[PDB]
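*Asks:* kindly return the folded structure for what I paste below:
(5 chains, ligands or ions: 54)
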Amino acid sequence: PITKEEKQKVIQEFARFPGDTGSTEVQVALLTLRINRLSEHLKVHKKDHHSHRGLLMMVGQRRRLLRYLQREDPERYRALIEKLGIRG
Amino acid sequence: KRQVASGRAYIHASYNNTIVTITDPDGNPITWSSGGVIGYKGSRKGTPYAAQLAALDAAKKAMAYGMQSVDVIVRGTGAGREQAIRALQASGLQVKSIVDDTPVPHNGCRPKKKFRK
Amino acid sequence: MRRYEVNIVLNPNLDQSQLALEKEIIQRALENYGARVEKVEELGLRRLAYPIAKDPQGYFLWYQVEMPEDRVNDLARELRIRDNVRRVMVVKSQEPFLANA
Amino acid sequence: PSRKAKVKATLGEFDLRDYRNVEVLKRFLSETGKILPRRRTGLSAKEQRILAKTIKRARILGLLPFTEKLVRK
RNA sequence: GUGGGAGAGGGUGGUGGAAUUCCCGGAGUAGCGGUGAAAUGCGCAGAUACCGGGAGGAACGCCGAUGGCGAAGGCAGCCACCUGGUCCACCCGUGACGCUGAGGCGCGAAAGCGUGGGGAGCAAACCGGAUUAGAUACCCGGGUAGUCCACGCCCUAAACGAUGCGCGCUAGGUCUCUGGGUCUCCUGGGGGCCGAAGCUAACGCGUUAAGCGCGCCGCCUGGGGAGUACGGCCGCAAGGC
Ligand SMILES: NC[C@@H]1O[C@H](O[C@H]2[C@@H](O)[C@H](O[C@@H]3[C@@H](O)[C@H](N)C[C@H](N)[C@H]3O[C@H]3O[C@H](CO)[C@@H](O)[C@H](O)[C@H]3N)O[C@@H]2CO)[C@H](N)[C@@H](O)[C@@H]1O
Ligand SMILES: NC[C@@H]1O[C@H](O[C@H]2[C@@H](O)[C@H](O[C@@H]3[C@@H](O)[C@H](N)C[C@H](N)[C@H]3O[C@H]3O[C@H](CO)[C@@H](O)[C@H](O)[C@H]3N)O[C@@H]2CO)[C@H](N)[C@@H](O)[C@@H]1O
Ligand SMILES: NC[C@@H]1O[C@H](O[C@H]2[C@@H](O)[C@H](O[C@@H]3[C@@H](O)[C@H](N)C[C@H](N)[C@H]3O[C@H]3O[C@H](CO)[C@@H](O)[C@H](O)[C@H]3N)O[C@@H]2CO)[C@H](N)[C@@H](O)[C@@H]1O
Ligand SMILES: NC[C@@H]1O[C@H](O[C@H]2[C@@H](O)[C@H](O[C@@H]3[C@@H](O)[C@H](N)C[C@H](N)[C@H]3O[C@H]3O[C@H](CO)[C@@H](O)[C@H](O)[C@H]3N)O[C@@H]2CO)[C@H](N)[C@@H](O)[C@@H]1O
Ligand SMILES: [Mg+2]
Ligand SMILES: [Mg+2]
Ligand SMILES: [Mg+2]
Ligand SMILES: [Mg+2]
Ligand SMILES: [Mg+2]
Ligand SMILES: [Mg+2]
Ligand SMILES: [Mg+2]
Ligand SMILES: [Mg+2]
Ligand SMILES: [Mg+2]
Ligand SMILES: [Mg+2]
Ligand SMILES: [Mg+2]
Ligand SMILES: [Mg+2]
Ligand SMILES: [Mg+2]
Ligand SMILES: [Mg+2]
Ligand SMILES: [Mg+2]
Ligand SMILES: [Mg+2]
Ligand SMILES: [Mg+2]
Ligand SMILES: [Mg+2]
Ligand SMILES: [Mg+2]
Ligand SMILES: [Mg+2]
Ligand SMILES: [Mg+2]
Ligand SMILES: [Mg+2]
Ligand SMILES: [Mg+2]
Ligand SMILES: [Mg+2]
Ligand SMILES: [Mg+2]
Ligand SMILES: [Mg+2]
Ligand SMILES: [Mg+2]
Ligand SMILES: [Mg+2]
Ligand SMILES: [Mg+2]
Ligand SMILES: [Mg+2]
Ligand SMILES: [Mg+2]
Ligand SMILES: [Mg+2]
Ligand SMILES: [Mg+2]
Ligand SMILES: [Mg+2]
Ligand SMILES: [Mg+2]
Ligand SMILES: [Mg+2]
Ligand SMILES: [Mg+2]
Ligand SMILES: [Mg+2]
Ligand SMILES: [Mg+2]
Ligand SMILES: [Mg+2]
Ligand SMILES: [Mg+2]
Ligand SMILES: [Mg+2]
Ligand SMILES: [Mg+2]
Ligand SMILES: [Mg+2]
Ligand SMILES: [Mg+2]
Ligand SMILES: [Mg+2]
Ligand SMILES: [Mg+2]
Ligand SMILES: [Mg+2]
Ligand SMILES: [Mg+2]
Ligand SMILES: [Mg+2]
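*Replies:* Residues are numbered from 1 along each chain as shown, chains lettered A, B, ... in the order given. Ligands and ions are numbered 1, 2, ... in the order given. Let me share the structure:
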């Protein structure tokens, strides 16, 4: 699954300032983690459609968050994309 | 020709018949009777009366092997399972016990349309 | 890593050398799959509700253990190979749940 | 009917997850191997639901019967 | 975000017992089976009933509910791994990041199709026995596809709550599943029943609205002709839109 240490690791890694949990950068980091993990699972288990729905939703949420970021702060957005390796 | 004297009475009661098989304590048949073994032929084999006769018959035949006591095992629901048991009870055989062994599935095998619903 | 309970039911007909031999392969394969043993209850042979491989009784071992999760199924697979090994059940440990407490 | 007693009322405290306690578990099975309903076990939903699984484990282990012959009759 | 919880939610690999069928063996003999009554059928190459051993396939009794989960179709032995959703508490972080959603994409019961397996039980078609005025049926005996698996198609339905999704507002009572709290009580989430106001042609609905409101989507416009014809698109086909 995802252990508290892996999670906290990426939370600190992407947090805007100390104590930052729910900022856009962090949320997108977390979501990217879960996506990579879940699409990894669905690499095998191509027959698990129910989980694929999950994936769809997670991607949708992520894409919304990024849309908002790129609207507000094109810098923070560019940074995020590069750092995580998304969108290209 | 054995001289057994203690054994098992298996009553197999269906809606079409009753078959009373009597065996030695290891389950090997000694004698058996049924609805059709007495004169009854058609539907009449499924009668409680036919069951009484089949019981009494198997028990006579079995006492001729010198049997005294039996353990009764009842398989199936059907008219005259109980009549069979009772005929056995005073057949002039001591019935030491009665047990309902009726096999039922943990749901493995699809029934004929007759039995589905 | 996660903590499981291992149940093994063995042949009641084992003499001392046979039984302790089996336990030896148990231990060695447990280690070989990376299972550290936290606790053990050997409850000896006991009566069964039904015959297991023609036998009216069985010999029960229990192990509380910590091991890698990716290894569990494969461990139990290996455990089962032994002929004298009749039953194997590996269970994720859980905190006891009481009624009338 | 079922006014005899409730199986939980007899017992003291005990671990409903404990698949090895045979004597306690046996109390929750009928004359046949069948798991008693709650109207008998006098358990709660969650409880009963746990009981069932642990009984099933005990059955696989050979400690409890899946089924049993009915005596008397 | 942190910390708790319930669950037939999903995928993979394991594995357990009951039963059916079959094969072997023992013991046993004159029938079994089946129906309204029967006959076909099975049985002296020894059936049925009984015990022991084996093989395989399929489905998981009790628990089991008026229950739970899932967007829907749907999901039920037990075990492990992998994985989706969700609820409660703390009030910690971001700061309108929201709702809906043509087209697109994906999922989609059963039956059906392709390749290759599998095939115990059941069983369209089919072969028979009855019933009947007839009986291309109901009932009885057999029985192929199929039902099972893998992979790829099909895209339908009384796919139903026949009730689009989101949010706010408008008495209570009662049962239940599942959280939390100063645990008789108070406070969330879910499933039922009776009912205030109100609505409804009526039946009924009524904080799980079919009440009062706002947003966005889909649809309707007398019955037959007809889900037909034509055209297009999809499909191996059946056929679908
Ligand atoms: N692949 C598994 C599935 O098997 C299905 O097969 C199942 C269906 O044909 C049928 O389901 C019926 C259902 O129609 C009806 N509404 C109620 C009935 N209790 C169900 O049956 C089921 O009930 C329970 C739970 O599984 C079990 O105890 C029972 O063994 C099972 N037959 O019983 C079968 C065995 O469960 C279908 N082929 C399909 O859904 C799918 O392929
Ligand atoms: N047992 C593992 C299961 O396998 C399922 O799929 C597998 C099982 O259905 C089946 O495995 C074996 C089969 O190889 C072998 N030829 C026969 C055996 N009876 C099967 O097992 C299964 O078959 C069916 C399920 O359809 C059940 O009736 C039966 O109880 C069950 N043991 O064949 C499939 C491929 O191995 C699913 N992955 C999931 O339910 C689960 O992991
Ligand atoms: N769902 C499968 C089964 O669920 C049970 O265990 C599952 C649930 O009890 C448990 O629920 C936990 C919850 O306790 C905890 N407070 C939060 C957690 N997110 C939940 O887990 C849930 O969400 C995550 C995604 O984060 C999913 O990966 C997971 O499948 C889902 N159950 O997560 C477990 C994993 O799914 C059964 N006891 C077990 O046999 C089996 O894992
Ligand atoms: N594998 C061959 C044998 O198939 C048998 O069963 C197979 C055949 O009896 C059956 O025939 C199917 C038919 O059902 C279905 N309605 C249509 C399908 N095209 C047919 O298939 C047939 O025809 C085609 C070409 O015409 C061939 O390529 C194919 O090999 C042949 N089976 O399809 C089955 C497989 O799905 C035995 N059960 C199996 O044990 C055995 O192995
Ligand atoms: Mg967890
Ligand atoms: Mg959402
Ligand atoms: Mg700006
Ligand atoms: Mg008859
Ligand atoms: Mg295992
Ligand atoms: Mg599941
Ligand atoms: Mg068998
Ligand atoms: Mg034989
Ligand atoms: Mg003949
Ligand atoms: Mg022959
Ligand atoms: Mg023998
Ligand atoms: Mg046998
Ligand atoms: Mg629902
Ligand atoms: Mg339904
Ligand atoms: Mg705040
Ligand atoms: Mg909050
Ligand atoms: Mg601020
Ligand atoms: Mg939407
Ligand atoms: Mg797309
Ligand atoms: Mg489909
Ligand atoms: Mg199908
Ligand atoms: Mg096919
Ligand atoms: Mg099959
Ligand atoms: Mg048939
Ligand atoms: Mg006919
Ligand atoms: Mg007529
Ligand atoms: Mg006709
Ligand atoms: Mg005719
Ligand atoms: Mg025939
Ligand atoms: Mg037929
Ligand atoms: Mg569509
Ligand atoms: Mg409906
Ligand atoms: Mg409703
Ligand atoms: Mg509903
Ligand atoms: Mg939404
Ligand atoms: Mg409490
Ligand atoms: Mg529901
Ligand atoms: Mg009124
Ligand atoms: Mg009115
Ligand atoms: Mg009405
Ligand atoms: Mg009402
Ligand atoms: Mg409520
Ligand atoms: Mg329309
Ligand atoms: Mg339309
Ligand atoms: Mg018109
Ligand atoms: Mg017109
Ligand atoms: Mg049509
Ligand atoms: Mg056309
Ligand atoms: Mg074409
Ligand atoms: Mg055409």
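*Asks:* longest helix in the chain, please.
*Replies:* No chain in the question, so chain A it is. Counting residues, the longest helix found in chain A (DSSP state H) is helix A:49-72.
*Asks:* wait, chain B
*Replies:* helix B:48-63.
*Asks:* packing partners for the longest helix of chain A?
*Replies:* helix A:24-41, helix A:74-84 (3 or more C-beta pairs under 8 Å, 6 or more residues apart in numbering or on different chains; DSSP states H and E). Where C-beta positions appear, they are placed from N, C-alpha and C, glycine not excepted.
*Asks:* reformat the ones you listed into a markdown table and put mean neighbour count next to each item.
*Replies:* Output for those, formatted as a markdown table (neighbours: other C-beta atoms under 10 Å in any protein chain shown):
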| stretch | mean neighbour count |
| --- | --- |
| helix A:24-41 | 17 |
| helix A:74-84 | 15 |
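*Asks:* right, so of those, which gets closest to chain B?
*Replies:* helix A:24-41 (32.9 Å; C-beta to the nearest C-beta).
*Asks:* and that closest one, anywhere near RNA strand E?
*Replies:* Yes - remark: helix A:24-41 sits within contact range of RNA strand E at A:24, A:26, A:27, A:30, A:34, A:37, A:38, A:40, A:41, by C-beta under 7 Å from any atom of the strand.
*Asks:* ok, how many other residues are close to residue 57?
*Replies:* The chain I'm using is chain A. Around residue A:57 there are 10 other residues, counting by other C-beta atoms under 10 Å in any protein chain shown.
*Asks:* wait, chain D was what I had in mind.
*Replies:* 19.
*Asks:* just the strands from chain C, written as ranges.
*Replies:* C:2-10, C:36-52, C:55-67, C:85-92, C:98-99 (DSSP state E).
*Asks:* in JSON lines, list those strands along with mean neighbour count and distance to ligand 8.
*Replies:* Compiled in JSON lines, these are given as follows (neighbours: other C-beta atoms under 10 Å in any protein chain shown; distance: least, C-beta to the ion, whole Å):
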{"stretch": "strand C:2-10", "mean neighbour count": "19", "distance to ligand 8": "47"}
{"stretch": "strand C:36-52", "mean neighbour count": "13", "distance to ligand 8": "35"}
{"stretch": "strand C:55-67", "mean neighbour count": "18", "distance to ligand 8": "40"}
{"stretch": "strand C:85-92", "mean neighbour count": "16", "distance to ligand 8": "45"}
{"stretch": "strand C:98-99", "mean neighbour count": "16", "distance to ligand 8": "52"}
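*Asks:* in chain B, which residue sits closest to chain C?
*Replies:* residue B:106 (13.6 Å).
*Asks:* residue C:12 and RNA strand E, how far apart?
*Replies:* 15 Å (C-beta to the nearest atom of the strand, to the nearest Å).
*Asks:* do the same with residue C:49
*Replies:* 9 Å.
*Asks:* residue B:21 now?
*Replies:* Counting by C-beta to the nearest atom of the strand, the gap from residue B:21 to RNA strand E is 3 Å.
*Asks:* again, but for residue C:35
*Replies:* 12 Å.
*Asks:* and if you look at residue A:79?
*Replies:* In terms of C-beta to the nearest atom of the strand, residue A:79 sits 14 Å off from RNA strand E.
*Asks:* go on, residue A:67?
*Replies:* Taking C-beta to the nearest atom of the strand, one finds residue A:67 at 7 Å from RNA strand E.
*Asks:* again, but for residue B:108
*Replies:* The value you get for residue B:108 to RNA strand E, if C-beta to the nearest atom of the strand is used, is 3 Å.
*Asks:* repeat for residue B:29
*Replies:* 4 Å.
*Asks:* compute the first-to-last residue distance for stretch D:21-41.
*Replies:* Terminal residues of stretch D:21-41 are spaced 16 Å apart (C-alpha to C-alpha, to the nearest Å).
*Asks:* that stretch and RNA strand E in contact?
*Replies:* Yes - Stretch D:21-41 reaches RNA strand E (C-beta under 7 Å from any atom of the strand) through D:30, D:32, D:33, D:34, D:35, D:36, D:37, D:38.
*Asks:* contact partners for the third one?
*Replies:* Right, the one you point to is residue D:33. By C-beta atoms under 8 Å, 6 or more residues apart in numbering or on different chains, the contact set of residue D:33 is C:49, D:59, D:64, D:65, D:66, D:67, D:68.
*Asks:* ramachandran angles for it?
*Replies:* phi -70, psi -10 (degrees, to the nearest 10).
*Asks:* do the same with the fifth one
*Replies:* The phi and psi torsions at residue D:35 (degrees, to the nearest 10) take the values phi -70, psi 120.
*Asks:* hmm, it is touching residue D:27, no?
*Replies:* No - look at residue D:35 against residue D:27 with C-beta atoms under 8 Å: they stay out of range, at 11.3 Å.
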